[PDB]
Amino acid sequence: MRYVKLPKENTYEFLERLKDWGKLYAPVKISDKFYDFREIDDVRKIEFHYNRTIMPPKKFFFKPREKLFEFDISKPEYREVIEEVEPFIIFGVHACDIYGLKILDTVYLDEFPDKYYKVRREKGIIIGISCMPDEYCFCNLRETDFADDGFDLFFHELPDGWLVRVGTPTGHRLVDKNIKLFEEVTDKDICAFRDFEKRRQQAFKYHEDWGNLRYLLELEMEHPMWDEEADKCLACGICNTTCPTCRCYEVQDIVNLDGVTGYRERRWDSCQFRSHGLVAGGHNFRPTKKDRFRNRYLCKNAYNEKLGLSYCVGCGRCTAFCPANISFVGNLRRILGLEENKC
Amino acid sequence: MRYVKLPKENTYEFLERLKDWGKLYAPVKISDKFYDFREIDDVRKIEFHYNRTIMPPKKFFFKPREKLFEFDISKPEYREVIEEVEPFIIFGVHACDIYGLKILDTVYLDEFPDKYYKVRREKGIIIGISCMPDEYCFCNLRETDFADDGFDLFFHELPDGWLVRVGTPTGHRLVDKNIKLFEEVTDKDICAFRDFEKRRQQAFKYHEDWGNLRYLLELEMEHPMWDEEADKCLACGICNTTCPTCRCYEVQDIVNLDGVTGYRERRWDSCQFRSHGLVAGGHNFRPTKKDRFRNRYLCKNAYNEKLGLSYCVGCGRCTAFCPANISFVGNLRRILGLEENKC
Amino acid sequence: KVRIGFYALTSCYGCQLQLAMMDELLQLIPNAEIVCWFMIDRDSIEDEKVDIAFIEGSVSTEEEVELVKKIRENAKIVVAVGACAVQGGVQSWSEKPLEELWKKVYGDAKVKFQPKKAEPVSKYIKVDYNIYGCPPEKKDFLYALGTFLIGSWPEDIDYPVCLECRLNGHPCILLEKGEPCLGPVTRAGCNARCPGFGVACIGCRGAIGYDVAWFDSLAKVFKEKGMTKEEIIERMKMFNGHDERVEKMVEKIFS
Amino acid sequence: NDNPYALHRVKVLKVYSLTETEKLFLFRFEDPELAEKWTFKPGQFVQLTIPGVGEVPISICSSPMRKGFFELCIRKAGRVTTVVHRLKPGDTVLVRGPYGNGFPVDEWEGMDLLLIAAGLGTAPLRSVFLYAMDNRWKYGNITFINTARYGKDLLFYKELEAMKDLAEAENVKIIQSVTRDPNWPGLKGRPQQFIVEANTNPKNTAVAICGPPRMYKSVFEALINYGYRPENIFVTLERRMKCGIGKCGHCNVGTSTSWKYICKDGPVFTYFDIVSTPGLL
Amino acid sequence: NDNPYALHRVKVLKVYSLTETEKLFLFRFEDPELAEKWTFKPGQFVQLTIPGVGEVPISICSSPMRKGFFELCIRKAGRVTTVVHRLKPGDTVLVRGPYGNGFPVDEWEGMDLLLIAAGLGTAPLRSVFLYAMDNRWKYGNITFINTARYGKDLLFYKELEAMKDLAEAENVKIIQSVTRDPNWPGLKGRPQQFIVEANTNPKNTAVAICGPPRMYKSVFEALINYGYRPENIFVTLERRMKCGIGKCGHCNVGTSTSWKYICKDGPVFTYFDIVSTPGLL
Ligand SMILES: Cc1cc2nc3c(=O)[nH]c(=O)nc-3n(C[C@H](O)[C@H](O)[C@H](O)COP(=O)(O)OP(=O)(O)OC[C@H]3O[C@@H](n4cnc5c(N)ncnc54)[C@H](O)[C@@H]3O)c2cc1C
Ligand SMILES: Cc1cc2nc3c(=O)[nH]c(=O)nc-3n(C[C@H](O)[C@H](O)[C@H](O)COP(=O)(O)OP(=O)(O)OC[C@H]3O[C@@H](n4cnc5c(N)ncnc54)[C@H](O)[C@@H]3O)c2cc1C
Ligand code: SF4
Ligand code: SF4
Ligand code: SF4
Ligand code: SF4
Ligand code: SF4
Ligand code: SF4
Ligand code: SF4
Ligand code: SF4
Ligand code: SF4
Ligand code: SF4
Ligand code: SF4
Ligand code: FES
Ligand code: FES
């Protein structure tokens, strides 16, 4: 891959020339300390250094509220409502978010390729940015700190600019078209990039191995910690609706006033809601609140053999955005015994 | 996965009853401090605790010296020499070796399945043992410390016996046939297993995150450390012939004394040998010794997207069995900067 | 054509007006016939047998009691619309006796008719399906009316307002400023109007049924922000006033 | 074309009122191109879609050799099922393709089969029984045990009792027993009480079980106590499904060690899978 | 059948002494089923095997439409190829199936092609030239530039000069030039300087290059200086090969970031792959 140096006086110029290609989605301020991917109109409002987004970048490919079909009851037919989408450039995707998008690609493009997801994944440019760990981020524990594939551009921050790793095609096209604004890297910036990476690795709050969580979690399925934390839990589904790797959704039918026209709607549904695991006769396969809580923990602590990564990418959205401040990493380390160590 | 406990007074009984299934390949001593996978007849000579084997367990599937075909020039025909192999049970495969076998499965069973490798991988039972890190193992750096799939029985050592994890129907049948010798685990042994795993994690010599070695390796291709270590290198290929994840080999034609009796022989070949990258006209694509040294380092530091693991599993055979005592992890950390700290 | 009747109890007529503010009501005329919508129709028959009865308003009169009993006798499927008809609404917020309220408001004056303490419709007659809200969302009206016209019935919703608050992307009030937002315990369908506009939810659609309304954890997180037990209890029961579960759930966490 | 959620049109040919709470339906796709090529494995389910109501899964209970036709035994226990029950022959319904892996009938050849059905789960076992009967040459003696609990709820009781003489002629022991009907003039006892009288040789027997998982433990214990091979036991379990293509996430079973999904790792499971991960039952 | 190292028997129908250092051969498989069912993509190489000596890779240089026949231009520069050079017509050798990814001819429809061949690499470019000639309707005007260094080293010079008059009537400007020898009565200069005369429109041109990689940098600079699109540039590189199915490990190209293997990731590469992975040249 080619390393192209972008001096800081040309970053906004490159973003303006990037807006020529298509719509730009970058993290902007929405509240006092909340970030979200909003569509860019004025480039100066983009916050380059942001902790995390309130919604993961999966909303562009796995839309939060999507109309699958519109139907007519008479002569029963379902018409798929799919619209052509121009190539959009998602600027400011963390490494953890990039791995989450890869995981959702392995979930949604496997065996049966979802058309709605594929049509939006084939026309998107992911630009990765080197994050800085705050008090919640633990992407090193789940091994999502650095990525090799999935990004067409990687903006690695430098003291005197931005180091751009192209990595993939069409990144070459963008860089070659705007090569007037770009420069060439030498050891001067390489040493600074290495020092920044060393500082980033050293700044993580947690540093321990999590090899045997998937095995030990089954031995301690009936821990009193589950009961206590579930009774502390509010069952609002925020930990899943903001999660980047939750594939679950709920399909509902809406029929108009005429009684002959309607549409089918898809939205994200969490485990905490009652009707996620319900069958006929009022039987629920995770009836109690602790049952659904443990189901979420076990499911996020599963193993994806396609790429060897656990479905949790360590973004920290679940622990940060939980109203009850239930620590995911604290609970999971207490499963290991780093907090109690009774046996 | 079921957890079945084997008390230490029944371990040799289980090995004897396992010899009923087929041939047993266990680590036995060949010299004062060298271990190898020799076919075992008397169970008492098996060393349960051993650092590493001189040859990786790939010799059972990827045989060292294998005859591919026997041919006859008159009426030109190649007859594949494949013999039926009874199901053999490989006892004592460490986690790093298990991941090496998985990597070789990805290499040799992708797109074009190698018949010789597949016929031997189908009829083999892998038994994993929780080894203890000596002053060479760095499996945690490459993330090959705990195995999820590939093994049938996982012998985790316990103070009162051996904890057997079963992850396949073959292992289930094997355990259930001799369930008389087996017991059931409770928290008493689970806590001991937890303590043993904690000690194993804490006993590693190296603990650092090898995140950006692949990218930084290309930036420092011109390092003088390459020249110095290459001039120290002896070019004997021990680091590759003992490596568990080296897929390279050499194909040679041997013709009998008169007319028509040939065999095509396949043997493991290394980068350091001159004729590994030679083309016509005396042109070599890695002519100098440092070129082949760097080629080996870069190739072992490649990325396998099918598994997410670098091809090196961190077994430490290359750094331990090197006669010149050229460190591998030392050189890599010199490139990474944890050993030099210059720029 | 399905025979549909809208019977008005003591209410602000917000539910009927919202049903009138949607332009899709023009398409309901071809597909169904209205027997009792007095605010819209004058020739309405107040005692005709109907198929689906949309009851609006709370029960605060003996005349309303006999009216809702007549509705139950003269209707197959009875639909309670709005918080007033589903859980008593804001008309049942005060726990003081009816005589106390009468003395406070009207003093010693006497009227010919007989008043009554406000109660939900579920206390007198068996309601089958509900359309939650205050006023119910036009989405809910469309959904319930269309499902009834098909020949099936809408399902009870168990997801909180936080679902639409997190889908739309509105910032969380509770995690940011700690205001008393009743999101995690009140059913969705309003598309997070209040947290979208920056005001805390006030239980606009009522507490989640099927015993999946964990008031204890929400009371705990309100207490961690500094609210007193009585303040939290008063913040709840604004629209969930006649819910016997809330007091026990809060006193459990404040035991 | 490439849309995985896409459906196909199918019309109900004949309705058959099976019992009070169940009904049997006959289907044939409107498109001849789909009808001439549609095929399935015994055990795979179909995402039946009523327009404007919802999508529900029903296991196919027909013979795969009969191309262009299949049967769905549906019970009215909820909203979509209540709407389905009102569907008359000669009406339209959207049906999605087969999903999941059926019973391993391809690996089964010649060995004796113990098909033990309990409660509602008779439909996949009815399908495998019809498949085995349509190719009776490549199988040994088979025993089909269908059980219920209210007596009248013996699904396909008339069809089995009509074929009872021919089954006994063809080395087939079909047994129907009730669990909570002492007054019913028939066989009383649990399915475990009747699998002890199985004609199948335990050394060379494959077993298929379906129905409520609360009797799964008892039937497993009874089968393993008689020397039947645990490597040849296969069951079917149901969870909530809304997609059938592995993206809904509702049908999640197992633990962190083995987190199976039924639409892709079933619904036909294995005995060591059942006992390996607790919580499947 | 499933053996990946399996070979097929083939008879050399006719030998043709192309030059002093190269020789052209015509092949046809002995098995009629293999002969009729065989096919390949323009650019895929073949593992020619002399019994008792070894296996060598030679790129196919024939039109894939002509089933059952292919040509291999081989030069004698070592042991196996010296043994090959003594093969008389009608003799039998062993050959393995086509390997690697050929030139993207299927995506090259409707635009002009610039085929620049240097040295030995004319054979795959000859194959794509013949494929384009046999499918002239799918392609626009083409320019086949074949170059050498000693005048007599021009491969297929007689065939190209014979077709030159006819090719000029089909918007085909085939150009031949030498680099070192001035005594040859013909075009002189490096292959780069003759691409300024190319008739292909740079906005809508795909370019294929083959031969020695030392001139690759110069030809890349010349192509990019004339406005030709870098996204439509494809080259061929050779390394040591002994298996062709990804297990030999000898044909490794690139760095740790991009470690390609030619038999699976080529042998036809892309311009951005070449410039983003140093060491390929
Ligand atoms: C693999 C499989 C095979 C089945 N085979 C048969 C069969 O052969 N015969 C038969 O009579 N029934 C069968 N069922 C059960 C049948 O699918 C349910 O009775 C039906 O889905 C009830 O839907 P409902 O809308 O009426 O229930 P509601 O509770 O009103 O709806 C809940 C929704 O959950 C989903 N769901 C998925 N699985 C179930 C389930 N087991 N129970 C309830 N809801 C479920 C549906 O989308 C359903 O609409 C099968 C179920 C599964 C999972
Ligand atoms: C993809 C590809 C396409 C080729 N196409 C042609 C073509 O169209 N025409 C042509 O004349 N030649 C072509 N060659 C070159 C030809 O294959 C070699 O000259 C041949 O392998 C020489 O074998 P040798 O035993 O005489 O060389 P030696 O050096 O004596 O043997 C070394 C061995 O290395 C292997 N090998 C693989 N690639 C090469 C290579 N490039 N050079 C040398 N050995 C190699 C062979 O098994 C060979 O036997 C091609 C090579 C490659 C890799
Ligand atoms: S967890 Fe890591 S990758 Fe994710 S936002 Fe935080 S720093 Fe970035
Ligand atoms: S965000 Fe916290 S309180 Fe809400 S459901 Fe998740 S764990 Fe429970
Ligand atoms: S945690 Fe819950 S919502 Fe998220 S993927 Fe797992 S089952 Fe689905
Ligand atoms: S479980 Fe929590 S930390 Fe893990 S991916 Fe989901 S939101 Fe992020
Ligand atoms: S690297 Fe050492 S400690 Fe790690 S699995 Fe291999 S042998 Fe065991
Ligand atoms: S073992 Fe050591 S001396 Fe021998 S080739 Fe390898 S690095 Fe060189
Ligand atoms: S290090 Fe050398 S011998 Fe080992 S796989 Fe790589 S190229 Fe082959
Ligand atoms: S490179 Fe060395 S440490 Fe890595 S797998 Fe090979 S022998 Fe083991
Ligand atoms: S439910 Fe709400 S909108 Fe309707 S009448 Fe009562 S207070 Fe007004
Ligand atoms: S603002 Fe209110 S409704 Fe929105 S997420 Fe927070 S608690 Fe839920
Ligand atoms: S957010 Fe709460 S108060 Fe506001 S409209 Fe919705 S339910 Fe009513
Ligand atoms: S069937 Fe949808 S996720 Fe399993
Ligand atoms: S051709 Fe054998 S490894 Fe590439």
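So how was this one determined? The header says electron microscopy, 3.5 Å.
Cβ coordinates are placed from backbone N, Cα and C, and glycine is handled just like the others.
Annotated in Swiss-Prot:
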BINDING   A:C233, A:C236, A:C239, A:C243  [4Fe-4S] cluster 1 binding site
BINDING   A:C312, A:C315, A:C318, A:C322  [4Fe-4S] cluster 2 binding site
DOMAIN    A:222-254  domain '4Fe-4S ferredoxin-type 1'
DOMAIN    A:303-332  domain '4Fe-4S ferredoxin-type 2'
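Using a 10 Å Cα-Cα cut-off around A:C243 ([4Fe-4S] cluster 1 binding site), the binding-site residues A:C312, A:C318, A:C322 reduce to A:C312, A:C318.
Helix first, then strand, then coil: DSSP counts for the domain '4Fe-4S ferredoxin-type 2' (A:303-332) stand at 9 helix, 2 strand, 19 coil.
Counting only residues at least six positions away in the same chain, the Cβ atoms of A:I238, A:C239, A:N240, A:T242, A:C243, A:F328 sit under 8 Å from the Cβ of A:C318 ([4Fe-4S] cluster 2 binding site). Cα to Cα, A:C236 ([4Fe-4S] cluster 1 binding site) and A:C322 ([4Fe-4S] cluster 2 binding site) are separated by 9 Å. For the domain '4Fe-4S ferredoxin-type 1' (A:222-254), the DSSP counts in helix, strand and coil order read 13 helix, 5 strand, 15 coil. The Cβ of A:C322 ([4Fe-4S] cluster 2 binding site) has A:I238, A:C239 as same-chain neighbours under 8 Å, each 6 or more residues away in sequence. Less than 8 angstroms from the CB of A:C312 ([4Fe-4S] cluster 2 binding site) sit A:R142, A:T245, A:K300, A:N301, A:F328, each of them six or more residues away in the same chain. Rounded to a whole number, the distance between the Cα atoms of A:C233 ([4Fe-4S] cluster 1 binding site) and A:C315 ([4Fe-4S] cluster 2 binding site) is 20 Å. Highlighted in sequence order, A:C239, A:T242, A:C243, A:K300, A:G314, A:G316, A:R317, A:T319, A:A320, A:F321, A:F328 have their Cβ within 8 Å of the centre of the Cβ atoms of A:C312, A:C315, A:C318, A:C322, the residues recorded for [4Fe-4S] cluster 2, and are not part of that set.
Within 8 A of the CB centroid of the [4Fe-4S] cluster 1 site residues A:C233, A:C236, A:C239, A:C243, the other residues of that chain are A:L234, A:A235, A:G237, A:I238, A:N240, A:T241, A:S270, A:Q272, A:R296, A:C318, A:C322, A:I326.
Within its own chain, A:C233 ([4Fe-4S] cluster 1 binding site) has A:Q272, A:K289, A:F293, A:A324, A:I326 as residues 6 or more apart in sequence whose C-beta sits under 8 angstroms from its own. Listed binding-site residues (A:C236, A:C239, A:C243, A:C312, A:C318) with a CB under 8 Å from any chain C CB: A:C236. Close contacts with ligand 4, defined as a Cβ under 6 Å from any of its atoms, occur at A:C322 among the binding-site residues A:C243, A:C312, A:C315, A:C322. In the vicinity of ligand 6, defined as a Cβ distance under 6 Å, the following of the binding-site residues A:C233, A:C236, A:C312, A:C315, A:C318, A:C322 are placed: A:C312, A:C315, A:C318. Under 6 Å, Cβ to nearest atom of ligand 3: this is the test, and of the binding-site residues A:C233, A:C236, A:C239, A:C243, A:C312, A:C322 it is passed by none.
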